[PDB]
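Peer 1: Here's a structure for you.
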Amino acid sequence: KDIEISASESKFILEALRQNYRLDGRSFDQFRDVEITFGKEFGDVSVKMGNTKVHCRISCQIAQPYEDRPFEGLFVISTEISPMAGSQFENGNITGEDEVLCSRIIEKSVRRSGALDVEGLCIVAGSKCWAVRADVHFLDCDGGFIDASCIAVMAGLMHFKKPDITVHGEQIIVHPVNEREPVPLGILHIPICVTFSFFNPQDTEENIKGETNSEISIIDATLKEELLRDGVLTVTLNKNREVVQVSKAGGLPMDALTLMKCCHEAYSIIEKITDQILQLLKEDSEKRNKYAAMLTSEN
Amino acid sequence: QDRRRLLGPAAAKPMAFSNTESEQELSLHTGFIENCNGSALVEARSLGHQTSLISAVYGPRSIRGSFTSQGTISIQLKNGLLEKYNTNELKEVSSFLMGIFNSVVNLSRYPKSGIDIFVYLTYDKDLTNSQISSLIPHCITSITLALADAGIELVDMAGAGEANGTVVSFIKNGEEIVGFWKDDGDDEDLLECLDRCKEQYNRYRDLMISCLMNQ
Amino acid sequence: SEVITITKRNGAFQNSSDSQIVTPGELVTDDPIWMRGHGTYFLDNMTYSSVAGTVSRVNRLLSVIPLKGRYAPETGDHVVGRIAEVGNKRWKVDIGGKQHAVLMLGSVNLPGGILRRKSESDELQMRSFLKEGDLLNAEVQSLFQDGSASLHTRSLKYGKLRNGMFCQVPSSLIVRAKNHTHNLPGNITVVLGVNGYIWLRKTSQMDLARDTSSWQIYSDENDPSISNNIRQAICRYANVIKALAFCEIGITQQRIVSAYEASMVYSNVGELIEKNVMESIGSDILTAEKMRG
Amino acid sequence: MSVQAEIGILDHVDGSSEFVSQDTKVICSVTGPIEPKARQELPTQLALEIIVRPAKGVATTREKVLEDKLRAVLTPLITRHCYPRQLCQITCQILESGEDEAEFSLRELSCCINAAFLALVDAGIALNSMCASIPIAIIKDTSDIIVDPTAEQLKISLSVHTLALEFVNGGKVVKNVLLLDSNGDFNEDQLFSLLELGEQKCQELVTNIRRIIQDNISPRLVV
Amino acid sequence: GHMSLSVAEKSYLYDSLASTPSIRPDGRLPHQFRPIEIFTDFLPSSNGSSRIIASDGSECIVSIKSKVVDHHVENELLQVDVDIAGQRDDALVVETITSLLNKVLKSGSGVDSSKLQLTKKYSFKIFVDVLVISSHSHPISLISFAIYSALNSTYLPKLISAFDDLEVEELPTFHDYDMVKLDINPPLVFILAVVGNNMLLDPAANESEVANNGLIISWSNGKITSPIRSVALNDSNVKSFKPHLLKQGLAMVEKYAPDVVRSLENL
Amino acid sequence: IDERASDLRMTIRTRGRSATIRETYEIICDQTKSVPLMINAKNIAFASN
Amino acid sequence: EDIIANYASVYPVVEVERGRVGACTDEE
Amino acid sequence: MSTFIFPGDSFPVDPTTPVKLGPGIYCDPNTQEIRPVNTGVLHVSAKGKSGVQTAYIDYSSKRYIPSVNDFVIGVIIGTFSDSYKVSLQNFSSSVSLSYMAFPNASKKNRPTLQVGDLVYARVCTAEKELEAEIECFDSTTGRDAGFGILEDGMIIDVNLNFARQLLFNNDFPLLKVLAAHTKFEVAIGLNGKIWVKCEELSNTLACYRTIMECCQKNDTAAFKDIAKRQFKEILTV
Amino acid sequence: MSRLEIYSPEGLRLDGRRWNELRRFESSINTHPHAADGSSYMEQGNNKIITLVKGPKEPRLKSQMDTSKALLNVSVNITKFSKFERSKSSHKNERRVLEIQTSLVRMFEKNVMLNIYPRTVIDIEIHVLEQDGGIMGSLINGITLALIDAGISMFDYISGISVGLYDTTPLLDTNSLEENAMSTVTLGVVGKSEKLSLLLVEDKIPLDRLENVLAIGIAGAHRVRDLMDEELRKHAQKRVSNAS
RNA sequence: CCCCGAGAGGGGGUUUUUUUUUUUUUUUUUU
């Protein structure tokens, strides 16, 4: 199912960019306000960027590690799309170009990067371990799925707490949360994705052989801006001033110095976002403790 | 494990057990599957090996893919309840069977049509307290019965026989050959196999005609 | 007697007048007066090539002729094609280009020719007249916007092919000419389609009348009486065409007959598929051409 | 029966909703009528594409049953003959089980029925009538019939029930019983006592739903 | 089949081939093969490799890799893997050829598996990976020639440790540089075409399209061996054949195979 | 299970520290002897529509 | 007790033959 | 405050009165009963209207369903012999626009439109079980047509209710509030599409942003004041 | 912690190369004339890649047909014998491979003039026979060469290269051993320009080092472009000489 | 806008099903 875009809409949105205008009123370098809401259970997190709505759920269960890695636990990230985010998405389409890319960006940002301490997921070596699962649910699409998911996964992992397990011999003793408190996960670093969208205001000839560069780049594009772009760049960083991953899979040829500028611009955003996540986690912890005190008092 | 089936827990391991010429008779039945156009039940019992397989013919039905002056035929073998064969080996027999019935089925009478023949290897017991070669003649018997039961035109009643890993299918009173199969076996034993298989071919053809008529 | 020829090689995957040349992205000129044609693209004054080939200057029209590429239909070409599909009131035929050519029901000469009244029925029943897989002569009547070709067979010269065998060479080895149907020694006739599709058949009465029944112009039936020599002649002619193609040398009616008589040195025909004979044959064709100058 | 629902929360869908009972939270979306795939096309009626997504993991055969039962409820509700050769996509994303999903799927099914109905209302699709669904359970020591049971109550239950009724005439007349999914050990007397008490709580639910629908939709319309 | 021909072309080809003096479209004799080119030892990462090019552009690449296995638990010591470009892994043609080839090169049928044994417990598992880049007919004989060439230029690692696990039980250790050439006798697979009463070796694309039937005959140790399979080269002109044709085919291979092997076993 | 199967624990080494994977006992089914399944016959229902 | 946590089940794979080839139907 | 209705509720009007059924109301082909199938406000026309009362239900919706005599904004997406393939709304069934119907139409004469063009078109025929047909010139138009291409400008997505109010209701302040700031043209489609153009892009953009904000809030009072903040922000640069 | 001298104090690497030198780069055009319209055999180090371009031609399904542009498809076949240790499973449906195929398509969609071939399809089949680091860069060079051989119009060359970062040092054209011991950056450079078609970083890289690494890669990619251009004119010139 | 007749005729501009997920080397502080 296709999204029909008129010539008028194509010309208007592009011309607006030539006049430093974007429809939502943002700034070319302006990232959308990210809202993070935690549910009752640990690992339940809802991320909202403008109209974009994503929900992540962290879960874990006792499992056996692979033969190759007897000291490491299991960790998987699911990002199956559904027609709920729009009829443009086919139900279960996990092989489409954009889907596989998004799936690979998140994987290289969280899994491959070792954001989660999988070594601390091991209960007994080569026998029993924890299997952490991150399920991302794309509720409403207005662009920026990759950035929304990376925040949803990370906020969830940092908010999630696994039940205490004591092990004797073969036997496993899964302590319920009420009897003893659950244990948080180990996070080595906090990866954040920032996606750039590129627009060629002129023709291909002036992009390939043109002297002065004039390609437009905006941060965190909406759906309309996303459907009219000529190239995409997703750069992942952390507060430690290091690039976790960069992916410009083809698209509009872009100047190297411009791509470097984007990486430095993204670093200022990931700093604000990371601190934001941490603060919302503290307040959530203070909220749960204050209610625990008001529950014990009256009790 | 699988999101489309219930395969149970993954830590579970299948139960493994431990330790502490001959005449052949077969049973034939046709037209017991209302779901399709033609069907057959072929059961054979001999020595330390019995076989119960079911064939089902679906056609002639519509073909999306291309225009055709003549008909198109597909054969698929499925593993049954307990005995199992390699998918490759089942594909190979399927190809061997396709070649045989492309010489027997009057394809000219079914333009832009598809005849899909299924053979279910339901119950194959090995009681010896490439085994697929001994099942081949029974498949041809089932497919021939099913096609005739379906009302699909055949040039002649195609039957076969097996002798020392050699399988050869005959038509026209055994005068000509519609398929030749040979695994293992010995050297320079072609003439002996042809005679032994033609004897089985003749016996199977008589029982088939007897089944298509009297029943 | 040799059962087969196998050529072996170890440690390697594979064996291993001035004309202007250019590659994609290379600057051809900076004169804005030029009209940019195929194989090129431009930005203001600069004109860059859009393919790997030789720079061509005809009048004020700068273009770059590609080294390689599929057969490009021109209006009026004599092509040989195979019916790929039949739909509606049209025939779609494989020529060997980027797209299938179309053959409307209107263009073809229906059975009974002029005399028969136009029939509603024929559009429904066209497959019988023609069907998937059939070969035929056709002329590129017109061209579509993208470049696709519309064919027609409104002539006795054009129509369904029979009484022979098909073979194909790269379209670059066959150029346009006054006529592409030629009579050759051995009572056989060649049809050299500009698209590279070639048809070799037994010489018919029409082929003789060209340089000197309307109900059966679409019959699949091969002539009942076709001698072995005619058949063994076809095999010989076909091999030599493949030999000329193997040398990357464009076929000629003269080159073909010359090669056919020169190949008579070899007793068995099946000895025309070997490379040595082709390499030697190719050089023979070329040296004579050099002598002709 | 203190449920809470919101209507029209999604932007890129014709209709949506978010139904919450206890800890069971389900968000639903509906797009239609739209162009159907060839294999989906029905010459005279509307084709329903019904999808159920679990709170944890990927969709398995379990959700395939949730899709099937949800189909039995939504199919007669929609005036399908109004949309021949057309499609209506209905997607349910269960956000929170509110029950042990390894044992029960009771509350998730009822919440999906209520949410799907609300999403159909929001989308403006022709409906023959209204509908409400509640989960019910029985306890062996207690002998009680508990409407809208908690997760802890389900653990000690002898039978679990999903009841969905079709209401007309301002939510006062039970037109039919769209779905009754009874599982576990129970007798004939328990069944009708269940149906009697179940019908009461269902009727109360419709009344509450009618309130929610009017409260959300009326500001959009004009007087 | 692959090639598309009109009814007229097929009729002309059939009559020409079914003639008592069988006339091939390229002028070949009923036992003449078309010229092929073979490259070997171009994949240093593998133990052995080959690349065969036909005259019609048909190309096949074979790779040979080894792995130390316990022959007490690993029944099959030689695994053939076929990959035809443009075809699914579960395609009918792919699996059939895969199943067929594995039978041709079984451990105790047409291959001296003794040369793969290292110790009393461990042996060399041979992985024969086939990649068909292009093919216009049944590539079974094409692949066979490539596998042959590859297996005759394969070099395996040499063992150092003792060869008696049962007692001393030493861990299998190998030399750092020396490799022993794999001495083995790879079988060949010939494919024939049946047009009327004539039998043709190495059927061309156009020839196979009009053929009434076909034969797949294996060859090892200077004699005919299983697998022997009749095969429909096409599906529109398949007919039954007289038994004498079957005996003619086996006889035809039996006399022309050594000529092929001789040109293939060149030093 | 075998009374005393020779296969015991399998030692796996980490980056300095050592660990031992617990000995896996191979359970074997009897070729002949068998016990009937204990079904609550009071609960066996039969289907009708 | 008679709670559901103390009961097991069988894992069934039901296949219906209707002359088609492909993935598992919604019926199965 | 209005009199809300829900599907399966009793229909107020009596069968003794001749009633023309509009949107929301359904006449069962089997039981012949008249019953509401949509949720919203019931509107019944006053008596004396030529002896025929028109009853319908105003319900919230955003998925357009083609009805005869509707002015719609379509986008050319296709070429078919004898007509254009045009899409009213994403994922919806395509509509046909014949080559025959155009402002200075001729059978020989042909339209210059190129796929991707916006057309102001009227839907003359809307069969339920057949592809929608859109005509630029209408017989009802009787020699006057506003139909044809829209050049440049910007198009806006809008729910069917908001579009209907913008086209038929003169008390809707949206056009007026946008006229007291700048002068531009507007095409209004009943399929929930609004086309806006001005002389400068900044003004068209400002109009775009206002219409969306006003469509979102649906508070009639807000727009004149809401519009004022929007105009100001553009000059912010 | 590597016990091998990845970069010795003498400025020499494990294979003998210095910091700045490309690996034997041997191209080959028109390798499979009877199998594709365009073909290229790439040997960049121990990397061995067959690339086939089939088209522009008629789509096999009219459902998948664009009337404004050609359909570009790329399928990468990483063979089970590409790496020292034979992989048991296939990589055909591997997510990593789907991303590679998608990436390559997104690269050449903005280079190949698909607009001048409407209602056609361009199928690109790739077979990786041997792998030894920088396989992505080699894939890019193989497609660019094969596409040109097919006479398919494009705006410019696209050269691919990989650059590793061992500690401070930057290593051009890294092999499998170097990639296992450090983070690498894969760069696709359009023509002689500074514009990147593909920027690929999959492992951790300090933000301060990234700009310098890009600078090395772009310079190296320009050399790859020259080698590709050189071998192409050589093949062209001979053909012109013999044909004319 | 396109093809065929010399003058308002005729012919064409290209729609729909098939097959699951891994992935490389003796405490504490200052000394």
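Chain labels run A, B, ... following the order of the structure tokens; each chain numbers its residues from 1, and ligands are numbered from 1 in the order shown.
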Which of region 66-187 of chain D end up as strand (DSSP E or B) when DSSP is run on this backbone - answer as a ChimeraX atom specification?
Peer 2: /D:78,86-96,127,130-138,145-147,159-168,173-184
Peer 1: Generate the output file for the selected residues, N, CA and C atoms, as a tab-separated table (two decimals), in the first residue's frame.
Peer 2:
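Output file part_31.tsv is given in full below:
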chain	number	residue	atom	x	y	z
D	78	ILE	N	-20.60	-5.74	12.60
D	78	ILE	CA	-20.41	-4.80	11.50
D	78	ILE	C	-21.38	-5.05	10.35
D	86	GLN	N	-14.23	-4.71	-0.09
D	86	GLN	CA	-13.49	-3.72	0.67
D	86	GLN	C	-12.86	-4.33	1.92
D	87	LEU	N	-11.90	-3.63	2.51
D	87	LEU	CA	-11.15	-4.16	3.65
D	87	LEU	C	-11.24	-3.27	4.89
D	88	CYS	N	-11.23	-3.90	6.06
D	88	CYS	CA	-11.14	-3.19	7.33
D	88	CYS	C	-10.10	-3.83	8.24
D	89	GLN	N	-8.96	-3.15	8.40
D	89	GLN	CA	-7.87	-3.65	9.25
D	89	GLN	C	-8.14	-3.37	10.72
D	90	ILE	N	-8.10	-4.41	11.54
D	90	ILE	CA	-8.32	-4.27	12.97
D	90	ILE	C	-7.14	-4.85	13.75
D	91	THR	N	-6.36	-3.99	14.39
D	91	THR	CA	-5.16	-4.42	15.11
D	91	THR	C	-5.26	-4.18	16.61
D	92	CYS	N	-4.99	-5.21	17.40
D	92	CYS	CA	-4.98	-5.10	18.85
D	92	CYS	C	-3.58	-5.34	19.42
D	93	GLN	N	-3.04	-4.33	20.10
D	93	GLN	CA	-1.75	-4.48	20.77
D	93	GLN	C	-1.95	-4.53	22.28
D	94	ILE	N	-1.93	-5.73	22.83
D	94	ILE	CA	-2.04	-5.91	24.27
D	94	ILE	C	-0.78	-5.35	24.94
D	95	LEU	N	-0.96	-4.32	25.76
D	95	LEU	CA	0.17	-3.65	26.39
D	95	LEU	C	0.52	-4.26	27.74
D	96	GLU	N	-0.48	-4.78	28.43
D	96	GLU	CA	-0.28	-5.37	29.75
D	96	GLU	C	-1.30	-6.48	29.99
D	127	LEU	N	-22.26	-0.26	12.17
D	127	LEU	CA	-22.47	-1.33	13.14
D	127	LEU	C	-23.95	-1.61	13.30
D	130	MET	N	-24.66	-2.57	19.49
D	130	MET	CA	-23.56	-2.36	20.43
D	130	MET	C	-23.12	-3.68	21.06
D	131	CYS	N	-22.09	-3.61	21.89
D	131	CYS	CA	-21.47	-4.81	22.43
D	131	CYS	C	-20.62	-4.53	23.67
D	132	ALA	N	-20.60	-5.50	24.59
D	132	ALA	CA	-19.74	-5.41	25.77
D	132	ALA	C	-19.27	-6.80	26.19
D	133	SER	N	-18.04	-6.89	26.66
D	133	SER	CA	-17.47	-8.16	27.07
D	133	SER	C	-16.86	-8.09	28.47
D	134	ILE	N	-17.12	-9.12	29.26
D	134	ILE	CA	-16.56	-9.22	30.61
D	134	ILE	C	-15.98	-10.60	30.85
D	135	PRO	N	-14.90	-10.68	31.65
D	135	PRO	CA	-14.34	-11.97	32.06
D	135	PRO	C	-14.97	-12.44	33.38
D	136	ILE	N	-15.27	-13.72	33.48
D	136	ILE	CA	-15.85	-14.27	34.70
D	136	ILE	C	-15.10	-15.53	35.14
D	137	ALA	N	-15.05	-15.75	36.45
D	137	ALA	CA	-14.35	-16.92	36.99
D	137	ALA	C	-15.07	-17.53	38.18
D	138	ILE	N	-14.80	-18.81	38.45
D	138	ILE	CA	-15.40	-19.51	39.58
D	138	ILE	C	-14.34	-20.16	40.48
D	145	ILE	N	-19.26	-16.89	42.02
D	145	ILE	CA	-19.09	-16.39	40.67
D	145	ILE	C	-18.59	-14.94	40.71
D	146	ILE	N	-17.31	-14.76	40.40
D	146	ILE	CA	-16.70	-13.44	40.45
D	146	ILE	C	-16.59	-12.81	39.07
D	147	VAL	N	-17.27	-11.69	38.88
D	147	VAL	CA	-17.19	-10.94	37.64
D	147	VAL	C	-15.98	-10.01	37.68
D	159	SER	N	-12.94	-22.61	36.93
D	159	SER	CA	-13.36	-22.35	35.56
D	159	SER	C	-13.24	-20.87	35.21
D	160	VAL	N	-12.94	-20.60	33.94
D	160	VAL	CA	-12.82	-19.22	33.47
D	160	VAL	C	-13.74	-18.99	32.27
D	161	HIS	N	-14.37	-17.82	32.23
D	161	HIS	CA	-15.41	-17.55	31.23
D	161	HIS	C	-15.27	-16.19	30.57
D	162	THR	N	-15.48	-16.15	29.26
D	162	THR	CA	-15.56	-14.89	28.53
D	162	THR	C	-16.96	-14.72	27.96
D	163	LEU	N	-17.64	-13.65	28.36
D	163	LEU	CA	-19.01	-13.40	27.91
D	163	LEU	C	-19.12	-12.07	27.18
D	164	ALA	N	-19.62	-12.12	25.94
D	164	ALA	CA	-19.81	-10.92	25.14
D	164	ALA	C	-21.21	-10.90	24.54
D	165	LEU	N	-22.01	-9.92	24.92
D	165	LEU	CA	-23.40	-9.84	24.49
D	165	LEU	C	-23.64	-8.72	23.49
D	166	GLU	N	-24.67	-8.90	22.66
D	166	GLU	CA	-25.04	-7.92	21.66
D	166	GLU	C	-26.28	-7.14	22.11
D	167	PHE	N	-26.11	-5.84	22.32
D	167	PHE	CA	-27.17	-5.00	22.87
D	167	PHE	C	-27.81	-4.07	21.84
D	168	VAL	N	-29.12	-3.88	21.96
D	168	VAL	CA	-29.86	-2.91	21.17
D	168	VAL	C	-30.81	-2.12	22.07
D	173	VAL	N	-31.76	-4.17	25.56
D	173	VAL	CA	-32.21	-5.43	24.99
D	173	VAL	C	-31.05	-6.28	24.48
D	174	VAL	N	-30.87	-7.46	25.08
D	174	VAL	CA	-29.84	-8.38	24.62
D	174	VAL	C	-30.29	-9.05	23.32
D	175	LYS	N	-29.73	-8.59	22.21
D	175	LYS	CA	-30.09	-9.10	20.89
D	175	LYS	C	-29.65	-10.55	20.72
D	176	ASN	N	-28.45	-10.85	21.22
D	176	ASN	CA	-27.88	-12.19	21.10
D	176	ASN	C	-26.62	-12.32	21.96
D	177	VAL	N	-26.16	-13.55	22.13
D	177	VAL	CA	-24.88	-13.78	22.80
D	177	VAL	C	-23.79	-14.03	21.76
D	178	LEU	N	-22.99	-13.00	21.51
D	178	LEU	CA	-21.97	-13.05	20.47
D	178	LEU	C	-20.93	-14.13	20.76
D	179	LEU	N	-20.44	-14.15	22.00
D	179	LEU	CA	-19.44	-15.13	22.39
D	179	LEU	C	-19.56	-15.53	23.85
D	180	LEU	N	-19.57	-16.84	24.09
D	180	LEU	CA	-19.41	-17.38	25.44
D	180	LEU	C	-18.34	-18.46	25.41
D	181	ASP	N	-17.20	-18.16	26.02
D	181	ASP	CA	-16.07	-19.08	26.02
D	181	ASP	C	-15.84	-19.64	27.42
D	182	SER	N	-16.48	-20.77	27.71
D	182	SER	CA	-16.38	-21.39	29.02
D	182	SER	C	-15.34	-22.51	29.05
D	183	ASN	N	-14.39	-22.41	29.98
D	183	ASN	CA	-13.34	-23.41	30.11
D	183	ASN	C	-13.16	-23.84	31.56
D	184	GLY	N	-13.06	-25.14	31.78
D	184	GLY	CA	-12.90	-25.69	33.12
D	184	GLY	C	-14.07	-26.55	33.52
Peer 1: Find the residues near residue 9 (chain I): any atom within 12 Å, counting only C-alpha atoms (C1' of nucleotides), skip ones fewer than 3 places away on the same chain, and give them as an mmCIF file with N, CA and C atoms, in the first residue's frame.
Peer 2:
data_model
loop_
_atom_site.group_PDB
_atom_site.id
_atom_site.type_symbol
_atom_site.label_atom_id
_atom_site.label_comp_id
_atom_site.auth_asym_id
_atom_site.auth_seq_id
_atom_site.Cartn_x
_atom_site.Cartn_y
_atom_site.Cartn_z
ATOM 1 N N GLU I 5 51.954 -8.454 16.362
ATOM 2 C CA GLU I 5 52.334 -7.090 16.013
ATOM 3 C C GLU I 5 51.446 -6.521 14.915
ATOM 4 N N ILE I 6 50.270 -6.035 15.303
ATOM 5 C CA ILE I 6 49.326 -5.441 14.363
ATOM 6 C C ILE I 6 49.960 -4.250 13.652
ATOM 7 N N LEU I 12 55.352 -1.437 10.158
ATOM 8 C CA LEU I 12 54.962 -2.550 9.304
ATOM 9 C C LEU I 12 53.821 -3.351 9.906
ATOM 10 N N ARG I 13 52.938 -3.855 9.045
ATOM 11 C CA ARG I 13 51.796 -4.640 9.496
ATOM 12 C C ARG I 13 52.047 -6.141 9.363
ATOM 13 N N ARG I 18 52.319 -1.049 4.814
ATOM 14 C CA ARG I 18 52.436 0.059 5.750
ATOM 15 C C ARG I 18 51.042 0.541 6.142
ATOM 16 N N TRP I 19 50.954 1.723 6.736
ATOM 17 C CA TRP I 19 49.659 2.306 7.045
ATOM 18 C C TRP I 19 48.805 2.632 5.839
ATOM 19 N N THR I 169 46.558 4.933 15.584
ATOM 20 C CA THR I 169 46.900 4.708 14.182
ATOM 21 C C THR I 169 45.723 4.304 13.297
#
Peer 1: Go through chain I residue by residue and, counting only C-alpha atoms, keep those with an atom at most 12 Å from chain H; for each kept residue give the shortest atom pair and its distance in Å to one decimal, ordered by chain and increasing number, as a tab-separated table.
Peer 2:
residue	atom	partner	partner_atom	distance
I:66	CA	H:78	CA	11.0
I:67	CA	H:78	CA	9.5
I:68	CA	H:115	CA	10.2
Peer 1: Can you write out the residues you just picked, keeping N, CA, C and O atoms, as a PDB file, in the first residue's frame?
Peer 2:
ATOM      1  N   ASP I  66       7.395  -0.493 -12.489  1.00  0.00           N
ATOM      2  CA  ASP I  66       7.304   0.954 -12.356  1.00  0.00           C
ATOM      3  C   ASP I  66       7.371   1.603 -13.737  1.00  0.00           C
ATOM      4  O   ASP I  66       8.260   1.303 -14.530  1.00  0.00           O
ATOM      5  N   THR I  67       6.426   2.496 -14.010  1.00  0.00           N
ATOM      6  CA  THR I  67       6.346   3.137 -15.321  1.00  0.00           C
ATOM      7  C   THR I  67       7.185   4.417 -15.383  1.00  0.00           C
ATOM      8  O   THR I  67       7.220   5.084 -16.412  1.00  0.00           O
ATOM      9  N   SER I  68       7.843   4.747 -14.280  1.00  0.00           N
ATOM     10  CA  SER I  68       8.655   5.960 -14.221  1.00  0.00           C
ATOM     11  C   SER I  68      10.140   5.651 -14.091  1.00  0.00           C
ATOM     12  O   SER I  68      10.985   6.474 -14.444  1.00  0.00           O
TER      13      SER I  68
END
Peer 1: Quick one: residues within 12 Å of residue 9 (chain J), only C-alpha atoms (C1' of nucleotides) counted, chain neighbours fewer than 4 positions away excluded, as number ranges by chain?
Peer 2: H: 108; J: 4-5
Peer 1: Which residue, A:216, A:90, A:129, A:57, has the smallest gap to residue 202 (chain A) when you use only C-alpha atoms?
Peer 2: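 Result for the nearest residue to residue 202 (chain A): A:216.
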Peer 1: Return as a ChimeraX atom specification the residues belonging to chain E that are within 9 Å of chain C, counting only C-alpha atoms.
Peer 2: /E:4-13,16,23-29,31-44,50-51,55,256-260,263-264,266
Peer 1: Env of residue 161 (chain H): 9 Å cut, atoms = only C-alpha atoms (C1' of nucleotides), seq-sep filter 3 positions within chain, self excluded. Answer as number ranges by chain.
Peer 2: D: 220-222; H: 58-62, 158, 164-166, 190, 192
Peer 1: Given only C-alpha atoms, how would the per-residue table for chain H near chain A read, listing every residue at most 9 Å away with its closest atom pair and distance in Å to one decimal, sorted by chain and number, as a Markdown table?
Peer 2:
| residue | atom | partner | partner_atom | distance |
| --- | --- | --- | --- | --- |
| H:75 | CA | A:6 | CA | 6.4 |
| H:76 | CA | A:6 | CA | 8.2 |
| H:77 | CA | A:4 | CA | 7.6 |
| H:87 | CA | A:4 | CA | 7.9 |
| H:89 | CA | A:4 | CA | 8.4 |
| H:90 | CA | A:3 | CA | 5.9 |
| H:91 | CA | A:1 | CA | 6.0 |
| H:115 | CA | A:6 | CA | 8.6 |
| H:116 | CA | A:6 | CA | 4.9 |
| H:117 | CA | A:6 | CA | 6.3 |
| H:118 | CA | A:6 | CA | 6.8 |
| H:150 | CA | A:8 | CA | 8.3 |
| H:151 | CA | A:8 | CA | 6.9 |
| H:152 | CA | A:8 | CA | 4.4 |
| H:153 | CA | A:8 | CA | 5.9 |
| H:154 | CA | A:9 | CA | 5.5 |
| H:155 | CA | A:9 | CA | 6.5 |
| H:201 | CA | A:16 | CA | 7.0 |
| H:202 | CA | A:16 | CA | 7.8 |
| H:205 | CA | A:23 | CA | 7.1 |
| H:206 | CA | A:23 | CA | 9.0 |
| H:208 | CA | A:23 | CA | 8.1 |
| H:209 | CA | A:23 | CA | 7.1 |
| H:233 | CA | A:25 | CA | 8.6 |
| H:234 | CA | A:25 | CA | 8.6 |
| H:237 | CA | A:20 | CA | 8.3 |
